[PDB]
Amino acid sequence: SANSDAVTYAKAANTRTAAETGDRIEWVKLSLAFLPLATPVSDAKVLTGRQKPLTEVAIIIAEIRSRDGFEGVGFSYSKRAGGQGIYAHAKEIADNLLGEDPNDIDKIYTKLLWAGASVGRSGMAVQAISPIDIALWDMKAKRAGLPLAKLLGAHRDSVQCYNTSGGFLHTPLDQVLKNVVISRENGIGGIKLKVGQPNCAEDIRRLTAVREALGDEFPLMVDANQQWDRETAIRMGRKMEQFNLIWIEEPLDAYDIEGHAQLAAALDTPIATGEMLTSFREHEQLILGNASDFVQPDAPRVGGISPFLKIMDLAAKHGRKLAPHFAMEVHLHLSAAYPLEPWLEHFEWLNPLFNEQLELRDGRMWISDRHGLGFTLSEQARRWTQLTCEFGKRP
């Protein structure tokens, strides 16, 4: 009988609990490696004097192994100063992972934030948690025998991909046009050109040439890397309407919410921003402020996959498109899980860190059948490792 005049209670023949049987983390290895860039890279931030050319990329890696035989790998990074701090903090909190059930990712995240409460819930501290958070997701996906995108649930099996590495400002227009061809012949689905240099006319010149070379249809976008003031932004915006760009990225300071909102409302061309934000909170302020048509989160930068998922849902709720920044090795899976058609950003910079390469074809990057992130650390990654530490004992 379902019920009676009183109340009755069913008893559990098997009281074996999830707590007593769950897996446990027993080993963790952190690494700080540096990805050398033979060709110094300069976007508008360098041409305006805000920064020096980029010559390397810091990569902070986390490897986690569980008692029951599972392993996860993940990473965060830093372009310019930040890598030493991310690694150092990760090192100071990593031992908190030992003995935890690796499936309780959020519970662990919270424990790590408390262990470092003094240093906040945004910025560097969460970027130190990113490698760990990502490794745990990588592990859970593997535990299920699924590529990460499938563990999250995918809406597509491949995502539109555009290249950024071939459109930097240290590159002469001549070489940029050559890059467009190389990229296009390799199946790229779009081209992003860096703009925002002091000489506005020169950017217009380079942009018109690229559109000319690509033809009217090919997806083309520009990126100012925060280098314009409001006056210049709207001026350049008006003048670029003719190129039918997929979007204008970071026209203003990453924190100029009303400035972005204003440009977005004034132009038909989509506005994109967010790569520099370092937390859900920060992205939330921009989204509530209607700053852009395209939201561009960066899992490593915002604290990992866990917060990135929350940002995705917020963006979707506000009807925005998603175009994650950098780290395609991770973002491929996240954007594959986004409800609206997204874009993936391509750089070849991290290719040497892994043994496996992603398939770029017919303008899209395809999700392989490999589990989790679908990557294994290369020997080169070990060679480029400068600092490393371990906790626990390999199972």
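For every residue, the number given is its place in the sequence shown, counted from 1.
- When the mean C-alpha temperature factors of 70 to 78 and 213 to 221 are read from the deposited coordinates, 213 to 221 comes out higher.
- As listed in the deposited structure, the average C-alpha B-factor of 200 to 208 and of 141 to 149 is greater for 200 to 208.
- The PDB entry assigns the greatest CA B-factor among 298, 104, 157, 249 to 157.
- Taking the PDB entry at face value, the top CA B factor among 188, 177, 108, 88 belongs to 177.
- In the deposited entry, the Cα temperature factor of residue 240 sits in the top third of values across the chain's modelled residues.
- Sort the chain's modelled residues by C-alpha temperature factor and residue 115 lands in the lowest third, per the entry.
- In the deposited entry, the Cα temperature factor of residue 121 sits in the bottom third of values across the chain's modelled residues.
- In the PDB entry, a CA B factor belonging to the middle third of its chain's modelled residues is recorded for residue 347.
- In this PDB entry, residue 326 carries a Cα temperature factor that places it within the lowest third of its chain's modelled residues.
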